[PDB]
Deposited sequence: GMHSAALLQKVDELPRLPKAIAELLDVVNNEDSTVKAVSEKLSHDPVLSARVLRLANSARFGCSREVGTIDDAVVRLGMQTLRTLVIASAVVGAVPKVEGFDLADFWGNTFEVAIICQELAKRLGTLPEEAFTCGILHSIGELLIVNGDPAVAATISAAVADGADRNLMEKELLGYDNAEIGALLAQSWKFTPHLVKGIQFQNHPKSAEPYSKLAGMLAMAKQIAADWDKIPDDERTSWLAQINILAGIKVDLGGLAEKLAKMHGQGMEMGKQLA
C-alpha cells in the first residue's frame, strides 16, 4: 500500500522536478489557470514548447498560441503534461525511450477512449496513461541489480510484480504511484496508477485503474488477436478489469487509432 514502510523509505530518493517544471505543472494542472498564464509560462521553455508542438502535430500548428485555438486548452494542457513528464525521465539502461513512450502513449490513447465511453474526463485518463509505467523505470534506475535479478526470474516464469514485492517490499505500480503523488498529481490519478494490476481489489473501485488494466492488455496483446475476433477479446478484458465499458464500435475505434501512440513516441526526440 501507499503507506507501507518499504515504499515510504523511497520518498527522499525520488527524482525531483526542476523548479520551473514543477511551476509549469502547477499552472497546467490548475483548471482555473488562464490561457495567458499557460502560454506565458511555456514561452520561457522553447525546448519543451517545441516538444509539445511535435506531439500536437502527430494527428498543422506551428505555435502554442496556435495550438490553444486549434486544439483547445484541455488538449494543450494534456500535451504539456506529457512533454514535461517525458523531459523529466532520463535514459534508463535497457530501454529505448521512443519505444517506451510509444507504448505508453498507445495505452494513454486507449484510456482516453475508454473514458469517453464511461463518461469520465478523457484528459484525466490520458494523463493516467502517461504516468502509468514510470515506476518500471524508477526500479531499474534505483535498484539496478535487483531489477536484473527480477527480469531473469521473470524469464523463467515468475511474476514480475510479485518478485518486486519480495525483493523490494513494493512493486512498480506502487512506486509509480508514489512518484505521481510526489509530483503533485491528483489522488485519483495516484490511485489509478497504484491499482493498475489489480483493479478489482480497490475499495472503492477505481475506474482509472480498471481503464489502465484494460488498456495495457489491449496494447500488449493486440498483435496476438485475429482482426476479426477482437470484440469477444475485448469483452473478456472488460470482465478481467471490472470496468464495464460499452463495447459497441470499440474494436473498430481502437483499430483506427492503433499505432498513433507509437508515432507520438517517435516525435519526442
(request) Map the modelled residues onto the deposited sequence and report the uncovered stretches in sequence order. (result) 60 to 65
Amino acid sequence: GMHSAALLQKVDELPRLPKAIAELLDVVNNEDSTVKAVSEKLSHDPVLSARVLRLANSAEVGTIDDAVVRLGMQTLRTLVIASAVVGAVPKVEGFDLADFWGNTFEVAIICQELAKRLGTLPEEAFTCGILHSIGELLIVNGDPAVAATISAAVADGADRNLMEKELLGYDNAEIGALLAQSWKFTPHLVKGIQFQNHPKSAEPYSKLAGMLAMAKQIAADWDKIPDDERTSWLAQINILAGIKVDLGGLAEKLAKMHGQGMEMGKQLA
From here on, numbers count along this sequence of modelled residues.
(request) On mean C-alpha B-factor from the PDB entry, just flag whether 70 to 78 or 116 to 124 is the higher one. (result) 70 to 78
(request) Averaging only over Cα atoms, indicate whether 227 to 235 or 44 to 52 has the higher B-factor in the PDB entry. (result) 44 to 52
(request) Can you pull the Cα B-factors for 252, 23, 246, 12 from the entry and say which is highest? (result) 12
(message) Sorting 147, 97, 153, 178 by Cα temperature factor from the record, which one lands on top?
(response) 97
(request) Rank-wise, by C-alpha B-factor, drop residue 187 into the lowest, middle or highest third of its chain. (result) lowest
(message) Looking at the temperature factor on the CA atom of residue 89, which third of the chain's modelled residues does it land in?
(response) highest
(request) Report the third (lowest, middle or highest) to which the CA temperature factor of residue 210 belongs, ranking only the modelled residues of the same chain. (result) lowest
(request) Taking the values exactly as deposited, rank residue 27 by C-alpha B-factor within its chain and report the matching third: lowest, middle or highest. (result) middle
(message) Among the modelled residues of this chain, does the Cα B factor of residue 7 put it in the lowest, middle or highest third?
(response) lowest
